[PDB]
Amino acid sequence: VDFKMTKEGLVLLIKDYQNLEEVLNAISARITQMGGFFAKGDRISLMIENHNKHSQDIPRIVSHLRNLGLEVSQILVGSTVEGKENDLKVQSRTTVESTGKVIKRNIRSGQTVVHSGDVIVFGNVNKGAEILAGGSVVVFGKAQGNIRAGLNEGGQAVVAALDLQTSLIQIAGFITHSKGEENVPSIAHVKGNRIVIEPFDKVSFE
């Protein structure tokens, strides 16, 4: 873990790791070393080596950063140059919205909501939108686009909406493209050993 000043602005670089607990503590130690340099709303870009192996840790790293006063503006996929780590090779990026546990608006196409806890959206999640939540996700409206929950909580997390028309729903290590009935509040949860979707009135967890 280390901060790099680049052409992309300030970037928190996290090298391939095995213990998330150490990364977070490294981030904290790294921040503390600056002696209160960051301002109330400062934004940073985030880059994790071997991202694919750590994608489910995104919500907790982004939240840990928020709990420290830093807003993650984008997630960068790429790597650093050998003898000039302040120069980045960005093969991909994704914007992150600055939101909290409760979102009182629509999550538009292109936007990505992140949170290590349960996310509650009082509005709709459009087709090109996405949610990465460590916990459960409830959209009090129409849910389209992708919703990935249980990224750090586990298979007990759930995904519900007043109209579960998602292109994809992930819950821990399970995925599915199935959708709920037209205008029928439904809940996507891990039952048996797959993600089952059933109306709110006929749900049966465990």
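Just count from 1 along the sequence shown to find any residue number.
**Prompt:** Would 92 to 100 or 68 to 76 have the larger average of its C-alpha temperature factors, as given in the entry?
**Reply:** The deposited B-factors put 92 to 100 ahead on the C-alpha mean.
**Prompt:** Out of 143 to 151 and 56 to 64, which one has CA B-factors that are higher on average in the deposited record?
**Reply:** Looking at the record's C-alpha B-factors, the answer is 143 to 151.
**Item:** Candidate set 14, 184, 11, 24 [ranked by C-alpha B-factor, highest]
**Value:** Comparing C-alpha B-factors across 14, 184, 11, 24, the top value belongs to 184.
**Prompt:** Which third of the chain holds residue 45 when residues are ordered by C-alpha B factor: lowest, middle or highest?
**Reply:** Lowest third - that is where residue 45 ends up once the chain's C-alpha B-factors are sorted.
**Asked** Going by what the PDB entry lists, where does residue 170 fall on CA B-factor within its chain: lowest, middle or highest third?
**Response** Ranked within chain, residue 170 CA B lands in the middle tercile.
**Message:** By the recorded C-alpha temperature factor, relative to the other modelled residues in its chain, which third is residue 1 in?
**Reply:** Its C-alpha B-factor belongs to the middle third of this chain's values.
**Item:** Chain third (lowest, middle, highest) by recorded CA B-factor, residue given as residue 51
**Value:** Within its chain, residue 51 is a middle-third residue by C-alpha B-factor, going by the deposited values.
**Request:** Consider only the C-alpha atoms of the modelled residues in this chain, order them by B-factor as the entry records it, and name the third containing residue 134: lowest, middle or highest.
**Result:** It belongs to the lowest third of the chain when residues are ordered by C-alpha B-factor.
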